[PDB]
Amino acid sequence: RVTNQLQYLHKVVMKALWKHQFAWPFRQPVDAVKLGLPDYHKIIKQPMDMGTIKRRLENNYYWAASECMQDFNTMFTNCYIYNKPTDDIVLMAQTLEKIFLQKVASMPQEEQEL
């Protein structure tokens, strides 16, 4: 489905996060081979990334904005769970997630199909 909220998530939230200077670790799935992380998929059971979310938004995969919001959350949470407290990527996720929250606070209030 296309809805007002999903349109906003795509054209405002994803637009802003994708081009952010801290977006680059999150633009594609975590590549455990490239990164040398033999435990990544043992710890993180539902990988998510902004490449997947953006493709889902482009292909009308979502029925409601809440589903898309959960994917963003999962991506950020995975990052916090997997990494150490002092890792830079935590600070990068935090910066992106605050923008995510700021924009979500101003999303159209009642979901309706376009």
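Numbers for residues come from their place in the sequence shown, where the first is 1. For clarity, a rigid core is taken as the largest C-alpha set superposing within 1.5 Å between two forms.
- Comparing 33-41 with 67-75 by root mean square Cα distance to the shown form in 8 other deposited structures of this protein, with the rigid core used for the fit, gives 33-41 as the more displaced stretch.
- When the mean C-alpha temperature factors of 72-80 and 55-63 are read from the deposited coordinates, 55-63 comes out higher.
- When the two stretches 17-25 and 102-110 are set side by side, the higher mean Cα temperature factor goes to 102-110.
- For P47, the recorded CA temperature factor ranks within the lowest third of the chain's modelled residues.
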